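Enquirer: sequence and experimental coordinates follow.
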Protein chains: 2
Amino acid sequence: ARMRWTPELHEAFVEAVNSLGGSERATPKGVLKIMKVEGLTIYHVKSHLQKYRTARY
Amino acid sequence: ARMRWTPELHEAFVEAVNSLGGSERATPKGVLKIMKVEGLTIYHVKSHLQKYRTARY
DNA sequence: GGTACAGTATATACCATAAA
DNA sequence: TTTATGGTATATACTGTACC
């Protein structure tokens, strides 16, 4: 299937990234392990963090 | 093949986008037709303009 | 009701580096 | 010399809309 970043999933992702101390500091694997979401791969998080990083700073 | 945005190709792409009056105004097809580069598809330009747009404004 | 396109989201491939 | 990872570049899929 193709992942959809629903506004909940994204809010999870953000809280995660904040805990990790901002988008720049945060790591894919780190975000992954904090979210603990069934079926979410590292590759899902990696791509999305890449966007999140650019649409921020 | 997989396209590589060599610093020349990119300089072409930019001049194009400028002629078209900035990244926001510019269109994939428009940039395409101004560059007139053998083997360059609209899909190449589309993706790259998407990046150019975010790493600018 | 089918193109052709723009805009956007997501995925995938590349490239370097560290650790073993 | 593999494996795992992060960063990054590029590609591919989705969604709407205008035109015909």
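Expert: Done, it's in. Numbers count the residues shown, from 1 in each chain, chains lettered A, B, ... in the order given.

Enquirer: and whichever residue of chain A sits closest to DNA strand D, how far from residue A:46?
Expert: Proximity of chain A to DNA strand D (C-beta to the nearest atom of the strand) peaks at residue A:29, 3.2 Å away. (C-beta placed from N, C-alpha, C; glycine too.) Applying C-beta to C-beta, to the nearest Å, the value for residue A:29 to residue A:46 is 9 Å.

Enquirer: neighbour count winner among these two?
Expert: Each of residue A:29 and residue A:46 has its neighbours counted (other C-beta atoms under 10 Å in any protein chain shown); residue A:46 has more, 14 against 11.

Enquirer: who's in contact with the more buried one?
Expert: Residue A:46 sits next to residue A:28 when contact means C-beta atoms under 8 Å, 6 or more residues apart in numbering or on different chains.

Enquirer: distance of residue A:49 from DNA strand C?
Expert: The spacing between residue A:49 and DNA strand C, counted by C-beta to the nearest atom of the strand, to the nearest Å, is 10 Å.

Enquirer: can you report how many residues neighbour residue A:26?
Expert: Quick note: residue A:26 (other C-beta under 10 Å) scores 21 neighbours.

Enquirer: find the nearest non-adjacent residue to it, please.
Expert: residue A:20 (3.8 Å; C-beta to C-beta, 6 or more residues apart in numbering or on different chains).

Enquirer: roughly how far does the one you found sit from residue A:9?
Expert: In terms of C-beta to C-beta, residue A:20 sits 17 Å off from residue A:9.
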